[PDB]
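Step one of this worksheet: look at the structure below.
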Amino acid sequence: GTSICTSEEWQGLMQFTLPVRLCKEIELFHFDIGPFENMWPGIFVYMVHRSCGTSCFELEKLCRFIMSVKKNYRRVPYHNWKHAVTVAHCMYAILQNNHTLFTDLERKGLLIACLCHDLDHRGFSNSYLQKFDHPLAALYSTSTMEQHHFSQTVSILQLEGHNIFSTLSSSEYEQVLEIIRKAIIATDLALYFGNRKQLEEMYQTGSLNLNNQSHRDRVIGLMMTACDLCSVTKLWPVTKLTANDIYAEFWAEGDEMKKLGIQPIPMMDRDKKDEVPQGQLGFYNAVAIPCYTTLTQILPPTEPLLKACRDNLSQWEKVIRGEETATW
Ligand SMILES: Nc1nc2c(Cl)cccc2s1
Ligand code: NI
Ligand code: NI
């Protein structure tokens with residue numbers, strides 16, 4: 001089912017104003033929402049306003065939406081409200097450096113998609129649900145969770161006075177849902193591998209063209225992935241801390257696989273922490289680097305995200321060689 005924010009919750013956010021000093025920081029790729037928990041909702045409003053305009057959605061309908069989107073996230077270590085807003089910010093940063101490539105309808109859809117992309121997450125992966133045949137795996141055969149995430153989004157839209165997209169033409173309403181659906185589905189990392197490879201080939205052969213709708217969906221696809229993984233693009237100490245959350249969640253799933261007579265993969269096994277560095281190294285070379293490498297080629301203003309990822313790759317190599325500092 002679906003939860004609704006209180007009258008007290010959405011009204012408090014409307015009064016919200018972003019401290020002056022933050023306006024300058026929020027624009028940067030490396031900005032870290034972490035030290036500002038109370039502000040997160042109003043941080044998103046700010047990004048929506050700056051990107052899509054103040055007269056984009058009715059403020060009340062938007063604020064009701066956001067605080068209900070907050071409440072429908074779970075107290076899991078990683079795939080939580082904190083993550084949703086961190087992905088939204090990275091998208092906002094990309095959009096601001098690439099504003100005129102994307103239409104007004106796309107930007108609003110992509111920002112909403114990022115905030116909604118992990119809705120009602122349980123801390124269990126696609127592997128888990130399909131290995132053990134959860135009812136979600138039978139209803140959604142591929143990209144299982146990502147389909148539930150979008151289904152959750154639509155359910156929140158259908159709440160009393162929550163529909164932010166109502167003041168669009170019925171044709172544009174169809175379009176923005178499809179943009180959102182295609183964005184949320186693209187966060188399934190299984191799909192990423194094929195997407196990047198294809199996008200790379202289209203760029204090298206020069207056939208890439210943003211006026212071709214199928215190309216746009218793919219670039220949007222890579223952008224979604226870039227935002228999903230942006231923890232690997234923050235400053236090393238922030239990157240290190242977030243990893244602890246990702247693994248805290250991985251390990252609790254491993255704790256379930258054991259009882260049902262399965263040795264879970266090394267990455268999810270809490271008695272196998274020693275492999276974590278080399279696992280990150282592998283994940284950067286196989287997924288992260290190539291994702292930010294390709295995105296930069298397509299959108300050169302996004303280059304700082306790749307610089308920061310190369311930076312964190314280097315720090316994981318340092319941890320492997322035993323050169324690790326304290327960092328808490
Ligand atoms: N830093 C991050 N690491 C991972 C791994 Cl190892 C698997 C899947 C997603 C992510 S995000
Ligand atoms: Ni997800
Ligand atoms: Ni995510």
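Please note that chains go A, B, ... in the order of the structure tokens, that every chain numbers its residues from 1, and that ligands are numbered from 1 in the order shown.
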
Surrounding residues as a PDB file with C-alpha atoms, in the first residue's frame, ligand 1, max 7 Å, only C-alpha atoms and all ligand atoms:
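Saved result, part_28.pdb, follows:
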ATOM      1  CA  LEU A 229      26.052   5.864  -8.899  1.00  0.00           C
ATOM      2  CA  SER A 231      28.334   8.433  -4.604  1.00  0.00           C
ATOM      3  CA  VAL A 232      31.499   7.404  -6.479  1.00  0.00           C
ATOM      4  CA  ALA A 243      30.035   2.565   0.720  1.00  0.00           C
ATOM      5  CA  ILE A 246      25.642   0.111   0.453  1.00  0.00           C
ATOM      6  CA  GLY A 279      35.350  -5.575  -5.301  1.00  0.00           C
ATOM      7  CA  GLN A 280      35.075  -1.791  -5.523  1.00  0.00           C
ATOM      8  CA  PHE A 283      33.043  -2.270  -9.979  1.00  0.00           C
TER       9      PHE A 283
END

Return as a count of residues only the residues of protein, DNA or RNA that approach ligand 2 to within 9 Å, with only C-alpha atoms and all ligand atoms taken into account. 15

I'd like the contact shell of residue 168 in chain A - 10 Å cut-off, only C-alpha atoms, skipping same-chain residues fewer than 6 positions apart - returned as a VMD selection string. chain A and resid 56 to 57 105 174 176

Write the residues of the preceding selection, restricted to C-alpha atoms, as an mmCIF file, in the first residue's frame.
data_model
loop_
_atom_site.group_PDB
_atom_site.id
_atom_site.type_symbol
_atom_site.label_atom_id
_atom_site.label_comp_id
_atom_site.auth_asym_id
_atom_site.auth_seq_id
_atom_site.Cartn_x
_atom_site.Cartn_y
_atom_site.Cartn_z
ATOM 1 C CA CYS A 56 5.723 24.744 -13.139
ATOM 2 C CA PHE A 57 3.546 22.867 -10.645
ATOM 3 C CA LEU A 105 8.851 18.376 -20.023
ATOM 4 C CA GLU A 174 1.264 10.536 -21.611
ATOM 5 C CA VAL A 176 6.009 12.649 -19.143
#

Of the listed residues A:143, A:152, A:239, A:6, that which approaches residue 130 in chain A most closely, counting only C-alpha atoms: A:143

Kindly indicate which residue among A:261, A:206, A:12, A:53 lies nearest to residue 41 in chain A, using only C-alpha atoms for the distances. A:12

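With distances restricted to only C-alpha atoms and all ligand atoms, A:123 is the closest residue to ligand 3 from A:264, A:123, A:161, A:254.
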
Which one of A:51, A:316, A:217, A:16 sits closest to residue 100 in chain A if you count only C-alpha atoms? A:51

Select, from A:213, A:227, A:194, A:170, the residue with the minimum atom-to-atom distance to ligand 3, counting only C-alpha atoms and all ligand atoms.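 Closest to ligand 3, using only C-alpha atoms and all ligand atoms: A:227.
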
Residues at most 10 Å from residue 85 in chain A, counting only C-alpha atoms, excluding those fewer than 4 positions away in the same chain, as a list in words?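 Result of the neighbour search: residues 33, 34, 40, 41, 43, 44, 70, 80, 81, 89, 90, 91, 111, 114, 115 and 116 of chain A.
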
What would the file look like if the residues just selected were written as a tab-separated table (two decimals), in the first residue's frame with N, CA, C and O atoms?
chain	number	residue	atom	x	y	z
A	33	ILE	N	24.67	16.58	0.02
A	33	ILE	CA	23.49	16.91	0.84
A	33	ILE	C	23.58	16.48	2.32
A	33	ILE	O	22.93	17.08	3.17
A	34	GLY	N	24.40	15.47	2.60
A	34	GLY	CA	24.56	14.88	3.95
A	34	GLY	C	24.42	15.74	5.21
A	34	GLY	O	23.65	15.40	6.12
A	40	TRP	N	16.57	18.74	3.11
A	40	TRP	CA	16.44	17.92	1.90
A	40	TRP	C	15.18	18.16	1.05
A	40	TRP	O	15.30	18.39	-0.15
A	41	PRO	N	13.97	18.10	1.67
A	41	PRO	CA	12.75	18.36	0.90
A	41	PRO	C	12.79	19.72	0.18
A	41	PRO	O	12.53	19.79	-1.03
A	43	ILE	N	15.34	21.48	-0.41
A	43	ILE	CA	16.46	21.44	-1.35
A	43	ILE	C	15.98	20.98	-2.73
A	43	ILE	O	16.42	21.50	-3.76
A	44	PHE	N	15.06	20.02	-2.73
A	44	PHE	CA	14.49	19.52	-3.98
A	44	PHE	C	13.57	20.56	-4.63
A	44	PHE	O	13.72	20.86	-5.82
A	70	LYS	N	8.74	11.20	0.32
A	70	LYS	CA	9.60	10.97	1.48
A	70	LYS	C	9.09	9.77	2.29
A	70	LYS	O	9.83	8.81	2.51
A	80	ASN	N	17.39	4.60	0.36
A	80	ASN	CA	16.50	5.38	1.22
A	80	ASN	C	16.36	6.83	0.77
A	80	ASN	O	17.01	7.26	-0.19
A	81	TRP	N	15.53	7.58	1.49
A	81	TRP	CA	15.28	9.00	1.21
A	81	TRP	C	16.54	9.82	0.91
A	81	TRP	O	16.55	10.63	-0.01
A	89	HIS	N	19.74	15.61	-7.02
A	89	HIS	CA	20.77	16.66	-7.13
A	89	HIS	C	21.75	16.45	-8.29
A	89	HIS	O	22.07	17.40	-9.01
A	90	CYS	N	22.25	15.22	-8.46
A	90	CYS	CA	23.18	14.96	-9.55
A	90	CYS	C	22.53	15.21	-10.90
A	90	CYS	O	23.17	15.71	-11.81
A	91	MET	N	21.24	14.87	-11.00
A	91	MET	CA	20.48	15.09	-12.23
A	91	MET	C	20.34	16.58	-12.47
A	91	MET	O	20.60	17.07	-13.57
A	111	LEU	N	13.72	14.94	-12.99
A	111	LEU	CA	13.90	15.32	-11.59
A	111	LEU	C	12.95	14.55	-10.68
A	111	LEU	O	13.36	14.09	-9.61
A	114	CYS	N	14.11	10.81	-10.68
A	114	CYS	CA	15.24	10.58	-9.78
A	114	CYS	C	14.84	10.49	-8.32
A	114	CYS	O	15.37	9.67	-7.58
A	115	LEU	N	13.89	11.33	-7.91
A	115	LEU	CA	13.41	11.33	-6.53
A	115	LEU	C	12.57	10.10	-6.27
A	115	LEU	O	12.44	9.66	-5.13
A	116	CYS	N	11.99	9.55	-7.33
A	116	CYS	CA	11.05	8.44	-7.24
A	116	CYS	C	11.64	7.09	-7.65
A	116	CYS	O	10.99	6.05	-7.51

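Checking A:317, A:120, A:200, A:269 one by one against ligand 3, counting only C-alpha atoms and all ligand atoms, you find the shortest gap at A:120.
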